[PDB]
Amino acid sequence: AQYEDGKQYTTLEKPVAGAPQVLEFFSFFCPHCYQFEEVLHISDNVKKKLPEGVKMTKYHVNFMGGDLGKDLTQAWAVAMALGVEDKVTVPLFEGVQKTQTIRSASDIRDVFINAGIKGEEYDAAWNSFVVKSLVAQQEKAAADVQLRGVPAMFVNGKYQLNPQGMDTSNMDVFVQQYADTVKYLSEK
């Protein structure tokens, strides 16, 4: 058929209960993740095709970048808690990978300060238990899908996107196929 298990997507042997409808994992340290977000705009293209009443969720992962990697997961939790994901995603990616001016937790915070988040507000979120559970949620989700690598995307806790089974020639054909596959999986 057009969409085939083993081709554009795979099926989790152990479906995840209560999972987000569309769940993306990434790291600000991950070069392919930089490409996915800043050059290919995968999230944005996926969302433009999602059905009514389907929400896209994006989680950070710890396993790249050691101590700073975990700081970034915690800062991403802060971003989710404050609802400022769309103001810090680009400068966090560029700060870690393009300028490489992000080398410590303080450098991460500067990005938020520069983007208009009050210091008090960042610090209160950073130290909050709400942010601690959000960090735990992200880690738990990784465990639940038995995450092995990033970038990755899972739909209804049942299906895993398989970009290696799509075409890689035209970046745009690739992106369109990826987004089209998420939409197909969403209605499955």
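The numbering used is simple: start at 1 and walk along the sequence shown. Take the two forms, superpose them, and find the largest set of C-alpha atoms that agree within 1.5 Å; that set is the rigid core.
Of 169-177 and 19-27, the stretch whose C-alpha atoms sit farther from the shown form in 9 other deposited structures of this protein, after fitting on the rigid core, is 169-177. When the other structures are laid on the shown form by the core, the C-alphas of 140-148 and 154-162 differ in how far they drift in 9 other deposited structures of this protein; the larger average drift belongs to 140-148. Here 51-59 and 146-154 are compared by their mean Cα B-factor, and 51-59 comes out higher. Just going by the entry, 42-50 versus 63-71 on mean CA temperature factor gives the higher value to 42-50. The deposited CA B-factor of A115 belongs to the highest third of values across its chain. When the modelled residues of the chain are ordered by their C-alpha B factor, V22 lands in the middle third. Among the modelled residues of its chain, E94 has a C-alpha B-factor that falls in the middle third, as given in the PDB entry.
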